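Residue numbers (the deposited numbering), protein chains in the order written: chain CF, 149 to 296; chain CK, 1 to 93. Below is one structure; the comments refer to it alone.
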Amino acid sequence: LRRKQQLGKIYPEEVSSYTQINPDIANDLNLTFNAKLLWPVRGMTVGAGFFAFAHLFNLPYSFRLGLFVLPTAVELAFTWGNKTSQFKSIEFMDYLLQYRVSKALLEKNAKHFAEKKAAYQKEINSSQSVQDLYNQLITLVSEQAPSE
Amino acid sequence: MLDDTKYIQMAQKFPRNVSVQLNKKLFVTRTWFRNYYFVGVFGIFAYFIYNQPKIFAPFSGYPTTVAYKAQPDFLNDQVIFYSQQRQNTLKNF
Ligand SMILES: CCCCCCCCCCCCCCCCCC(=O)OC[C@H](COP(=O)(O)OCCN)OC(=O)CCCCCCCCCCCCCCCCC
Numbered sequence: 149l150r151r152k153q154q155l156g157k158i159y160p161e162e163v164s165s166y167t168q169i170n171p172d173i174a175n176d177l178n179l180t181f182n183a184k185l186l187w188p189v190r191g192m193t194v195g196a197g198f199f200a201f202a203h204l205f206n207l208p209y210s211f212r213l214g215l216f217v218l219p220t221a222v223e224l225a226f227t228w229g230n231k232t233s234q235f236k237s238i239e240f241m242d243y244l245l246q247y248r249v250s251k252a253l254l255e256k257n258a259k260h261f262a263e264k265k266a267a268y269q270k271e272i273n274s275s276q277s278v279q280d281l282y283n284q285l286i287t288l289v290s291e292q293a294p295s296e
Numbered sequence: 001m002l003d004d005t006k007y008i009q010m011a012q013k014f015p016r017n018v019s020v021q022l023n024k025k026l027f028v029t030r031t032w033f034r035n036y037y038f039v040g041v042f043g044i045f046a047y048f049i050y051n052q053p054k055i056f057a058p059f060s061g062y063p064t065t066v067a068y069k070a071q072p073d074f075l076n077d078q079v080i081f082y083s084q085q086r087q088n089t090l091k092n093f
């Protein structure tokens, strides 16, 4: 609740962004938060298959209704709960908060960095991060540069 | 002492070549009735015992978590992420 209050709201773009590290990010966030009503589609499909089997073999309607309810109950039981989903949602929310803070700083300093950005684009043809490039340069200096 | 003479006689002397063919359909029907009354009745209790501890004590099932720190990348309009491994522990009692 604290992290979700700090974040305010979550948009699908950030979920897609975090899909890089958590492919099941949406499947965990849906079980963690009351975003949309979740129907046991797989359980209902299994129940429909059992219903077809019962119709083919002439089983009682009570039996086929029970065999439809049972897979639905199993799906609901395996769906609800799952506090591991809450843990992964906490991780995703931390990632999203950090991303939003960095984005806010970017927007704040866009005008200040506009002028420097043009010469950096006109001088450096690589799109890699300045921090990574500077770390690589520091390593290169530490290795090759003569101590003298 | 109980007068178990007839039962003792039966136990001592029994046929050793008599067998009865079993209706496969009826045997399967009874076995699947047992399977139905097992899954659809006892699985509720078994899954309760298995999962309710996992619902009321989740912190013990997820030992390690990750934390992130972000820095801006203005010249490329990117976001740089630094990760960290932490031991999943309670917070803000
Ligand atoms: C990833 C890959 C996974 C693959 C999974 C594969 C699963 C395969 C499951 C196969 C199930 C086969 C079931 C066959 C049932 C046969 C029943 C039978 O022969 O008896 C028929 C009998 C008829 O009823 P009656 O009232 O006598 O009426 C007369 C009609 N002539 O009817 C009766 O008396 C009632 C019969 C009740 C049957 C109950 C069936 C319960 C099945 C529970 C399955 C649980 C699986 C859990 C999987 C979890 C996975 C995470």
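For each residue, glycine too, the CB sits at the ideal point set by N, CA and C.
Any C-beta of chain CK under 7 Å from that of residue i
i                          : result
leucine 218 of chain CF    : yes
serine 250 of chain CF     : yes
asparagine 206 of chain CF : no
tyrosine 247 of chain CF   : yes
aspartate 242 of chain CF  : yes
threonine 227 of chain CF  : no
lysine 231 of chain CF     : yes
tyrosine 268 of chain CF   : yes
7 Å Cβ shell around residue i - same chain, five flanking residues per side excluded
i                         : result
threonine 220 of chain CF : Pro188, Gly191, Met192, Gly195
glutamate 223 of chain CF : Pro188, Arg190, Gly191
Supposed contact pair residue j and residue i - C-beta distance, whole angstroms, cut 8 Å
i                         : j                         : result
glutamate 161 of chain CF : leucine 244 of chain CF   : Not confirmed; about 10 Å, so no contact.
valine 79 of chain CK     : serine 250 of chain CF    : 4 Å
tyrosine 7 of chain CK    : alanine 225 of chain CF   : Contact doesn't hold; Cβ gap of about 49 Å is too wide.
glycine 61 of chain CK    : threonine 232 of chain CF : 7 Å
Residue-chain proximity (residue i, chain CF), Cβ-Cβ < 7 Å
i                        : result
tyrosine 47 of chain CK  : yes
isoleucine 8 of chain CK : no
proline 53 of chain CK   : no
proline 58 of chain CK   : yes
Cβ shell of residue i (< 6 Å), same chain only, five flanking positions each side left out
i                        : result
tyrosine 209 of chain CF : none
Cβ neighbours of residue i in the same chain (closer than 8 Å, five flanking residues each side left out)
i                        : result
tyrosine 166 of chain CF : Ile173, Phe240, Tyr243, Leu244
If the cut-off is 7 Å on Cβ atoms, which residues from the region 275-293 of chain CF count as contacting chain CK, listed in chain order? Result list: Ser275, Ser277, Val278, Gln279.
Between the region 17-36 of chain CK and the region 187-204 of chain CF, do three or more beta carbon pairs fall short of 8 Å? no
What residues in the region 60-86 of chain CK bring their beta carbon closer than 8 Å to a beta carbon of chain CF? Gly61, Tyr62, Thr65, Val66, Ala67, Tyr68, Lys69, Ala70, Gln71, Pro72, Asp73, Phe74, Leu75, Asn76, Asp77, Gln78, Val79, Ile80, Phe81
Within 8 Å, do at least three Cβ pairs link the region 49-56 of chain CK to the region 249-267 of chain CF? no
Against chain CF: residues of the region 21-38 of chain CK by CB proximity under 7 Å: none
Residues of the region 155-179 of chain CF whose Cβ lies closer than 8 Å to any Cβ of chain CK, in chain order: none
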